[PDB]
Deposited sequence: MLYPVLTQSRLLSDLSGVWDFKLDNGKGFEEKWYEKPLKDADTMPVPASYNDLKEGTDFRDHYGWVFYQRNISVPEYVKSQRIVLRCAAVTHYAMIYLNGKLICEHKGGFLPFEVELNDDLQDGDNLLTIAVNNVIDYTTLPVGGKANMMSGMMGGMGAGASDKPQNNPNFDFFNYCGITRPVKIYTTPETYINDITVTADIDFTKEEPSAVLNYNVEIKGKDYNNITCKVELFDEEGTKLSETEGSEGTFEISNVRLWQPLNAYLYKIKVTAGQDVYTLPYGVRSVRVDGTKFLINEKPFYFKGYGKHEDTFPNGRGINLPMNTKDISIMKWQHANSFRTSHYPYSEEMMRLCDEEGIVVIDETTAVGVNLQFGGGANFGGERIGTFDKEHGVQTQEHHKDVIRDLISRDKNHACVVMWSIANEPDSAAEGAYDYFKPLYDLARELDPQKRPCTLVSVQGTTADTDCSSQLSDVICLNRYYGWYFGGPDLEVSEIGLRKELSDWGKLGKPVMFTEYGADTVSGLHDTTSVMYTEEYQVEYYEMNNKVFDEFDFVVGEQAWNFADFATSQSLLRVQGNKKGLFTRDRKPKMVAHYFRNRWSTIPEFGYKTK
């Protein structure tokens, strides 16, 4: 029985836990539908940028939270039943006990604070009393996912059935510079995505998920990556049904304290993996890895794991941080699927700890935007120079992010940055260099669609690097990729 609906809702002030609001029904309360991120569902900056706790509550009568972002505190008649740290993976509690009679009071308290102990991690200032994300997307929070009571081929799916669980048969493993599904040389076509819609924020959107898949099949794409967090269970099963290759990724974005900017302790900047003042996320990072792999163990669409997005991988302490997490990933994946991490700009093949730990090299490069733009010729020289050097490893290289901010509507015959023409030229140059090297095994544009971020001078009402707008309407670049991807097969490219 799904508990999804409009619940009672109130923000803490913060004299909430003192007055024991989880015992009595909330007075002067608001309304809020679940599942949904609450940030965009009321008006006013003080509500959207609220710092602290919120109180959901709903009656019951006669429990698995699919996701609660970030920190959940479940109650019943006042007695705490659960606690959970981790805003993008499910958790459940037993309720045979503590469920009195009929008319009972279920309260869910949700916290949004992010720091060096959370995944994603929150910095102390802007990346590009308040939360300051160390990541480039908005800190949507609340009960994002529902609360309920209780040969396979890319683009050519076939799932047998087996509680009933669907399953698809497929082999995936890496040989040299080749990514093989069912022993055939695959090429990744697609994007890095976001669970981002209006006004749901990060709340699950089954209609948009299907529309996203239809658009991808319209665009002749085959893959995407769950940047920068594991998606909903329903979206994963859909890729199983629809035959969409997925790269599952953990909530480990922002373990890199070189943005912006930086953080100082004693008049000196601190490194990322400083044991005393740096990140305190390791033991939670593996908790997320073992919780993720336990969830999507059997999804034939899951093809490769991503331990972290854009970490300080070329810094002191980077190897000793990721080695125990990498090993764990191979330890609990019964299929021994490839594992990787997506690398920031500035990483080279020699300095990246991913050069050894990862089966596949996954790059996030912005030659022609953050680097070199608007000089596409100079940026081409650099992209080729770094890409040649990455071939020294004899591993598959894969671009997981590359893009240019483009506001839909801006045009010029002599293109400039932020126009739709410049975006197509940016991708033309990059794709031209990608086609020169036989060890690249995929292109994944950033982003699939425009998505909301925190406010800054460098973000024009969110991140505009999508091929599509936030309402999924195509920019000119979306028709460019559709034509290019129509001549690039899934296997043998």
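Unmodelled regions of the deposited chain sequence (numbering from residue 1, in sequence order): 1 to 12, 75 to 84, 151 to 164, 187 to 257, 270 to 277, 609 to 611.
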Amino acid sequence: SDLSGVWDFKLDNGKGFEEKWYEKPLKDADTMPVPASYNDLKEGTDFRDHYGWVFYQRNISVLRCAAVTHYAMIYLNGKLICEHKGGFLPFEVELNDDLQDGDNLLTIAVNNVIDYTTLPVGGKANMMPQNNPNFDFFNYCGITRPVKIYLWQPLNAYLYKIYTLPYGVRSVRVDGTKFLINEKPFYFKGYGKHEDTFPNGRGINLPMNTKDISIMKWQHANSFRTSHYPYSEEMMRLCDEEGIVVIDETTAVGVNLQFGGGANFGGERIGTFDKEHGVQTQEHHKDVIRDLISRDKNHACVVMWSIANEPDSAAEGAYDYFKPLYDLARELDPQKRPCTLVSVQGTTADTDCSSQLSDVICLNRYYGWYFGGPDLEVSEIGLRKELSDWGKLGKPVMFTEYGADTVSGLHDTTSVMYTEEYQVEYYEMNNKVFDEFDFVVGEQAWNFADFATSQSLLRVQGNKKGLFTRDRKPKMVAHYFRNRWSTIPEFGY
From here on, numbers count along this sequence of modelled residues.
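Legend: mean Cα B-factor per stretch from the PDB entry, 356 to 364 versus 413 to 421; the higher mean is in 356 to 364. Taking only CA atoms, the mean B-factor in the PDB entry is higher for 9 to 17 than for the other of 479 to 487 and 9 to 17. Within the listed group 404, 289, 246, 221, the record reports its top CA B-factor for 289. The PDB entry assigns its highest CA temperature factor, among 160, 229, 140, 369, to 160.
Annotation for residue 154: CA B-factor lies in the highest third of the chain's modelled residues. The deposited CA B-factor of residue 57 belongs to the highest third of values across its chain. The PDB entry assigns residue 266 a C-alpha temperature factor belonging to the highest third of its chain's modelled residues. Per-chain ranking of the deposited C-alpha B factor places residue 259 in the highest third. When all modelled residues of the chain are sorted by CA temperature factor, residue 70 is found within the middle third.
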